[PDB]
Amino acid sequence: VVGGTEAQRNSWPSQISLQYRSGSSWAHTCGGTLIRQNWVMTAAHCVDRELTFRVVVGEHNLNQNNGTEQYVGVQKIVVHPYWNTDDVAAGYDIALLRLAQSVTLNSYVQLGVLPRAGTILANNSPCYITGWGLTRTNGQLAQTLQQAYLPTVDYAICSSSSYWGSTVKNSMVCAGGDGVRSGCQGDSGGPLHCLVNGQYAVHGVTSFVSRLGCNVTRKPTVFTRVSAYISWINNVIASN
Ligand SMILES: [Ca+2]
């Protein structure tokens, strides 16, 4: 997250760290959202590589013991069948991870609320991106969970020529674009939390930013629109 602030410890308890085994240790690669005690929603492109993955729930500081973390292996990966690695701009950037064990829910570990199927937010809707991703273009991961205020940019504006043009699809949510605050590498797969009827719900799964950089004026951060995938998510869980 570029132009973020450190989140309060108990703020976003559905946020997870997706990590891969690296030598004798673990490296954060992506965010995700705990949606069941044994299911995490993330981006498909986070799990393209044939790596060993683990999920960390209740995490806040990547580099120190918080006394709140639970560590769980990834048992099964279900990527959207239409996902194409060579074509992130086609969409379908979404995957479900079945955890080897059910995690314990507490103040630091809670299920993310998902929007109703088909829901589209009005332009300039209040949302927060959260994650441990780079804090500057070509920078380094945040040690502590960051948040940034990123209001939505609706499909009509986002798909216009001076924004993303045809790269953005109706199956996506754009947020931000002010040249200051954005998602960045390492936030992928994480949530965009938007306030709807008094309740934060996860309306986005972080997907991509501009090749020009993370915080780029009129290149809002692009998220898979979670409300486009409710039936698919329900079907995967019901059948695994
Ligand atoms: Ca920690």
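Note that the numbering runs from 1 along the sequence shown for the chain. Heavy-atom basis, side chains included; hydrogens, waters and symmetry copies ignored. Whatever order the structure lists them in is the order used to number ligands and atoms, beginning at 1.
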Item checked: side chain to side chain contact (heavy atoms under 4.5 Å, CB included) partner of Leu34, the single match among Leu105, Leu97, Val202 -> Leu105
Next item on the list: To the nearest 10 degrees, calculate the angle at the Ca ion (ligand 1) involving OE1 of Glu59 and OE2 of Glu69.
Entry: 100°
Next item on the list: Taking both backbone and side-chain atoms into account, decide whether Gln64 has an N/O/S atom under 3.0 Å from the Ca ion (ligand 1).
Entry: yes
Check: Is it true that some N/O/S atom of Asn63, main chain or side chain, lies under 3.0 Å from the Ca ion (ligand 1)?
Finding: no
Notebook entry, point to check: Is the distance from the Ca ion (ligand 1) to some N, O or S atom of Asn61 under 3.0 Å?
Noted result: yes
Notebook entry, point to check: Can you list the residues that meet the side chain to side chain contact (heavy atoms under 4.5 Å, CB included) rule with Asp87, with sequence neighbours excluded?
Noted result: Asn84, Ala89, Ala90
Note to self: Applying side chain to side chain contact (heavy atoms under 4.5 Å, CB included), can you list everything that pairs with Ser188, at least two apart in sequence or on another chain?
What the structure shows: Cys30, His45, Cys46
Notebook entry, point to check: Among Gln147, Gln146, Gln15, which residue meets the side-chain hydrogen bond (donor to acceptor under 3.5 Å, both in side chains) test with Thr130?
Noted result: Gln15
